[PDB]
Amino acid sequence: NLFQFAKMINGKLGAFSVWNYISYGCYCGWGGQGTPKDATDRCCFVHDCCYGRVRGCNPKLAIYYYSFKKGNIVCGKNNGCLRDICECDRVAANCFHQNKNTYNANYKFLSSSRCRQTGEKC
(Lines of atoms letter the chains of each structure in order from A and count residues from 1; the text may use other names and numbers.)
(Lines give C-alpha, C1' and ligand atoms only; values in the text may rest on other atoms or scores of the structure.)
Protein backbone atom coordinates (compact mmCIF):
# COMPACT_ATOMS: atom_id res chain seq x y z
CA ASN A 1 0.00 0.00 0.00
CA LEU A 2 1.08 3.64 -0.09
CA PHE A 3 2.07 3.56 3.60
CA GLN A 4 4.68 0.92 2.70
CA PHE A 5 5.75 2.63 -0.53
CA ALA A 6 6.49 5.76 1.56
CA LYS A 7 8.67 3.72 3.95
CA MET A 8 10.62 2.23 1.03
CA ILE A 9 11.27 5.75 -0.31
CA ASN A 10 12.28 7.11 3.06
CA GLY A 11 14.45 4.10 3.89
CA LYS A 12 16.25 4.34 0.55
CA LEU A 13 16.66 8.12 0.15
CA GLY A 14 16.48 9.42 3.74
CA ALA A 15 13.83 10.71 6.16
CA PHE A 16 11.20 13.10 4.69
CA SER A 17 12.01 11.84 1.16
CA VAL A 18 8.50 10.64 0.40
CA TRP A 19 7.10 14.24 0.58
CA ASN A 20 9.18 15.03 -2.52
CA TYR A 21 7.07 12.54 -4.54
CA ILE A 22 3.58 13.77 -3.59
CA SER A 23 3.21 15.83 -6.76
CA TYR A 24 6.20 15.87 -9.09
CA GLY A 25 6.34 15.91 -12.89
CA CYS A 26 3.29 14.61 -14.74
CA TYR A 27 3.17 11.22 -12.91
CA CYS A 28 4.78 11.27 -9.44
CA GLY A 29 2.07 11.02 -6.80
CA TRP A 30 -0.55 13.12 -8.60
CA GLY A 31 -1.23 13.92 -12.28
CA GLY A 32 -1.53 10.98 -14.68
CA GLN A 33 -1.36 12.58 -18.13
CA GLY A 34 1.34 13.77 -20.51
CA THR A 35 4.98 12.94 -21.31
CA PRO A 36 7.13 12.24 -18.23
CA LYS A 37 9.31 15.31 -17.57
CA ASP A 38 12.60 13.61 -16.66
CA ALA A 39 14.05 10.37 -15.31
CA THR A 40 12.38 10.63 -11.86
CA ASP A 41 8.98 11.25 -13.56
CA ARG A 42 9.66 8.33 -15.90
CA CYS A 43 10.17 6.13 -12.80
CA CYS A 44 6.69 7.24 -11.69
CA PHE A 45 5.17 6.61 -15.12
CA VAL A 46 6.64 3.08 -15.13
CA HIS A 47 5.28 2.60 -11.60
CA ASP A 48 1.74 3.48 -12.80
CA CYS A 49 2.16 1.06 -15.76
CA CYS A 50 3.31 -1.54 -13.23
CA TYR A 51 0.26 -0.90 -11.01
CA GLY A 52 -1.96 -0.95 -14.13
CA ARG A 53 -0.96 -4.57 -14.81
CA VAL A 54 -2.08 -5.71 -11.34
CA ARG A 55 -5.38 -7.62 -11.24
CA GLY A 56 -7.73 -8.39 -8.35
CA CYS A 57 -6.17 -6.13 -5.76
CA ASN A 58 -6.03 -2.45 -5.02
CA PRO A 59 -2.47 -1.09 -5.11
CA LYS A 60 -3.25 1.78 -2.69
CA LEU A 61 -4.76 -0.61 -0.11
CA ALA A 62 -3.01 -3.98 -0.51
CA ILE A 63 -0.63 -4.75 2.33
CA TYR A 64 2.34 -6.81 1.20
CA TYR A 65 5.50 -7.78 3.08
CA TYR A 66 9.01 -6.34 2.57
CA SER A 67 12.11 -5.51 4.63
CA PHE A 68 15.43 -3.69 4.40
CA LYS A 69 18.47 -5.95 4.40
CA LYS A 70 21.71 -4.00 4.68
CA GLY A 71 19.88 -0.92 3.27
CA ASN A 72 18.36 -2.71 0.26
CA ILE A 73 14.63 -3.20 -0.19
CA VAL A 74 13.68 -6.88 -0.25
CA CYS A 75 10.15 -8.03 -1.10
CA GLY A 76 9.41 -11.46 0.41
CA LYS A 77 6.62 -13.78 1.50
CA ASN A 78 4.23 -12.28 -1.08
CA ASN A 79 1.72 -14.31 -3.13
CA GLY A 80 -0.15 -13.31 -6.31
CA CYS A 81 -1.13 -9.60 -6.54
CA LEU A 82 0.78 -8.82 -3.31
CA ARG A 83 3.98 -9.99 -4.95
CA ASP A 84 3.49 -7.82 -8.03
CA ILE A 85 2.54 -4.69 -6.03
CA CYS A 86 5.59 -4.96 -3.75
CA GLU A 87 7.82 -5.36 -6.81
CA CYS A 88 6.31 -2.28 -8.47
CA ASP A 89 7.09 -0.23 -5.34
CA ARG A 90 10.55 -1.75 -4.83
CA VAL A 91 11.62 -0.92 -8.42
CA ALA A 92 10.18 2.62 -8.29
CA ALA A 93 11.84 3.44 -4.95
CA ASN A 94 15.15 2.15 -6.34
CA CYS A 95 14.64 4.20 -9.52
CA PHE A 96 14.03 7.40 -7.46
CA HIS A 97 17.24 6.70 -5.50
CA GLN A 98 19.16 6.10 -8.76
CA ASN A 99 17.92 9.39 -10.24
CA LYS A 100 17.96 11.57 -7.15
CA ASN A 101 20.79 13.73 -8.56
CA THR A 102 18.52 15.19 -11.27
CA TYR A 103 15.41 15.87 -9.14
CA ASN A 104 14.30 19.36 -10.22
CA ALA A 105 12.30 21.29 -7.63
CA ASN A 106 10.66 23.32 -10.47
CA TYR A 107 8.80 20.14 -11.48
CA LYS A 108 7.02 19.97 -8.12
CA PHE A 109 3.28 20.70 -7.96
CA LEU A 110 2.67 20.97 -11.70
CA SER A 111 -0.77 21.91 -12.95
CA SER A 112 -2.51 19.86 -15.62
CA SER A 113 -1.74 22.62 -18.17
CA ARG A 114 1.97 21.58 -18.01
CA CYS A 115 1.12 17.96 -18.87
CA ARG A 116 -0.63 18.09 -22.25
CA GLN A 117 -2.11 14.97 -23.77
CA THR A 118 0.43 12.92 -25.66
CA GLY A 119 0.69 9.44 -27.10
CA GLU A 120 2.67 8.06 -24.09
CA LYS A 121 2.07 4.31 -23.80
CA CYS A 122 3.05 1.64 -21.25
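Residue numbers here begin at 1 and follow the sequence given.
For the two regions 61-69 and 77-85, the entry's Cα B-factors average higher over 61-69. Relative to its counterpart among 42-50 and 89-97, 42-50 has the higher mean temperature factor, C-alpha atoms as listed in the PDB entry. Per the deposited record, the Cα B-factor of residue 109 falls in the middle third when ranked against the other modelled residues of its chain. When all modelled residues of the chain are sorted by CA temperature factor, residue 103 is found within the middle third.
Per the PDB record, residue ranking by Cα B-factor puts residue 19 in the middle third of the chain. Residue 122: CA B factor in the highest third of modelled residues in this chain (values from the PDB entry). In this PDB entry, residue 56 carries a Cα temperature factor that places it within the highest third of its chain's modelled residues.
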